[PDB]
A.B. asks: 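Dropping the structure in here first, questions after.
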Amino acid sequence: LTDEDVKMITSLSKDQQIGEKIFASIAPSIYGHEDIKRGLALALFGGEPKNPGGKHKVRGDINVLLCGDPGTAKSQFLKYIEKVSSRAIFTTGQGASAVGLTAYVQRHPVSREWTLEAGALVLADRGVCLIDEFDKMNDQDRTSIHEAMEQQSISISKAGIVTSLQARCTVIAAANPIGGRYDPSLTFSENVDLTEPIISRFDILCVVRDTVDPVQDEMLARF
Amino acid sequence: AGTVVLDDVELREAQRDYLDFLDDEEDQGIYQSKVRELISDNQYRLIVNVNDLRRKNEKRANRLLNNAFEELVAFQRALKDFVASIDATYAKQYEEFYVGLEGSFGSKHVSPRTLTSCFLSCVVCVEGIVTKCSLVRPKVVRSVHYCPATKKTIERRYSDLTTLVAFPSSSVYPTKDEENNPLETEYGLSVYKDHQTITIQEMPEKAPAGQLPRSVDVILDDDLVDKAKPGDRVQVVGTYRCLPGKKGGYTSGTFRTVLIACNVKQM
Ligand SMILES: Nc1ncnc2c1ncn2[C@@H]1O[C@H](COP(=O)(O)OP(=O)(O)OP(=O)(O)O)[C@@H](O)[C@H]1O
Ligand SMILES: [Mg+2]
């Protein structure tokens with residue numbers, strides 16, 4: 001699908017300011033947050049997975065966690081990544097999402113067909129899972145996300161289905177701090193309301209702090 | 001009347017061999033003593049050790065294992081003859097003496113999962129756990145009717161066509177006389193047989209992990225009906241057969257299978 005595309009993107013790459021151009025092109029509707037946009041660009045382009053022999057798997061996915069107080073456009077960042085990225089699926093820590101983190105097997109409500117409904121972690125095997133409200137997830141959701149992040153696999157042992165299916169997604173998560181206001185006095189681990197094993201599997205941890213800064217407020221209001 | 005066999009060579013040979021095996025008097029009277037013990041205990045089901053049967057006559061053992069109904073009928077005829085010879089009054093008291101099997105079944109010993117269609121019409125010893133049981137119902141094996149209008153007393157017999165072709169004629173319960181005289185059944189004089197249906201499921205500790213369990217339906221009759229209750233780790237030795245479908249006109253080729261138990265054992 002890329003012929004004149006591939007003709008021109010090489011020239012854009014040689015432009016020699018392509019990195020800054022991309023970092024500025026991410027989230028054109030979100031003001032500021034240059035660091036967040038840069039991290040999201042790095043996550044979008046991803047890394048290089050590798051596995052010395054067949055025994056030392058190392059992921060090539062750059063996981064991102066935006067922990068921030070309300071009114072900081074974390075949801076807008078996730079929605080923009082949904083819009084841009086291919087194979088991008090948006091799930092929420094609440095129960096009000098079309099898909100869910102945990103995989104199950106049941107007869108579909110519409111198709112009336114016995115289906116192995118794999119989770120939103122598996123529906124983005126080679127894409128991005130946008131987990132909003134990452135701090136408000138059930139015990140099963142937390143265990144599922146732990147399994148996906150640490151193993152990149154999801155194991156079902158449900159009815160007679162004993163399977164292990166791959167979910168090699170890049171996780172972009174949005175979370176709020178304990179009390180609804182990030183406090184730098186404490187550390188990120190005890191600010192975020194998440195388990196340390198869960199936090200560890202994130203490459204980028206964007207602390208989206210909100211402060212009453214005259215110029216920033218004026219510019220954001222203008223936007 | 002109808003067709004009546006005169007010279008069934010296979011049936012005669014089977015009866016002769018089974019009676020020779022049951023003689024046992026020279027062979028340290030093991031089965032002679034067993035027959036005497038069941039006579040004294042007032043039982044009408046002989047449990048035979050298939051290992052001893054194979055040792056005596058491997059041919060008969062193989063024939064019995066691979067052809068269940070015919071050889072079991074021959075064995076029951078031989079057992080009834082032996083019971084009459086030892087004591088005639090008891091033989092006349094009990095119409096049919098049943099034979100159940102026991103011992104080491106080389107390949108026939110299976111579970112509800114490994115029990116495939118390759119074992120139809122064979123003797124299979126299936127282990128499992130009783131998932132459910134049914135109420136013990138009486139099936140009429142010989143009904144007696146009295147006609148007040150004529151004082152006549154008729155007796156109808158119904159054969160055990162559980163796994164055999166059955167026609168409406170055999171399973172019609174008389175309700176009138178040839179002259180349309182209402183009948184009245186003599187329940188006391190009638191002969192009933194207790195019948196029960198259980199379900200044997202593969203033992204969870206034996207079933208492959210993570211899979212759904214495999215079940216089988218078992219039919220128990222007189223003197224075996226209440227040998228087990230739900231949750232019993234039972235060994236059922238029986239004959240695996242296809243249950244006839246209802247008179248159709250179009251058949252899908254699908255046949256429910258079932259195990260006619262000839263013996264039930266607990267741990
Ligand atoms: N930096 C920004 N530039 C432009 N609009 C912004 C910015 N931050 C927030 N907004 C707008 O302000 C409102 C708040 O954003 P949004 O609803 O995404 O909040 P949020 O970070 O998801 O909050 P919460 O975590 O409380 O759900 C929205 O209208 C969003 O468009
Ligand atoms: Mg939000």
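Proteins get letters first, then strands, A, B, ... in listed order; numbering begins at 1 in each.
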A.B. asks: Tell me whether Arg55(B) is salt-bridged to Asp52(B), with the criterion being a basic N under 4.0 Å from an acidic carboxylate O.
C.D. replies: yes

A.B. asks: Can you see whether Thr257(B) engages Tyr240(B) through a side-chain donor-acceptor pair at a distance of less than 3.5 angstrom?
C.D. replies: yes

A.B. asks: Answer yes if the side chains of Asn57(B) and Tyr18(B) hold a donor-acceptor pair under 3.5 Å, and no otherwise.
C.D. replies: no

A.B. asks: Between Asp141(A) and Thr102(A), do the side chains contain a donor N or O and an acceptor N or O under 3.5 Å apart?
C.D. replies: yes

A.B. asks: Could you check whether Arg156(B) makes a cation-pi contact with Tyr173(B), meaning its NZ or CZ is under 6.0 Å from the centre of the six-membered ring and within 45° of the ring axis?
C.D. replies: no

A.B. asks: Check whether the side chains of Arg168(A) and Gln166(A) place a donor and an acceptor atom closer than 3.5 Å, and report yes or no.
C.D. replies: yes

A.B. asks: For the rings on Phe202(A) and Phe134(A), is their centre-to-centre separation under 6.0 Å?
C.D. replies: yes

A.B. asks: Are there more than 12 heavy atoms of other residues, nucleotides or ligands under 6.0 Å from atom CD of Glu13(B)?
C.D. replies: yes

A.B. asks: Can you tell me which residue among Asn263(B), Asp223(B), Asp222(B) is in a side-chain hydrogen bond (donor to acceptor under 3.5 Å, both in side chains) with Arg45(B)?
C.D. replies: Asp223(B)

A.B. asks: Let me know which of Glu127(B), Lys265(B), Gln266(B) forms a side-chain hydrogen bond (donor to acceptor under 3.5 Å, both in side chains) with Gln235(B).
C.D. replies: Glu127(B)

A.B. asks: Which residue is it: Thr163(B), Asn67(B), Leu72(B), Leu120(B)? I am looking for the one with a side-chain contact (heavy atoms from CB on, under 4.5 Å) to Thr239(B).
C.D. replies: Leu72(B)

A.B. asks: Would you say that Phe97(B) contacts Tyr90(B) through its side chain, given a criterion of any heavy-atom pair below 4.5 Å between the two side chains?
C.D. replies: yes

A.B. asks: Under the criterion side-chain contact (heavy atoms from CB on, under 4.5 Å), I'd like the reasoning laid out for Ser190(B) against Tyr192(B): C-alpha separation, chi angles, the key distance, then a yes or no.
C.D. replies: CA-CA 7 Å; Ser190(B) 308; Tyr192(B) 293 80; 3.6 Å; yes

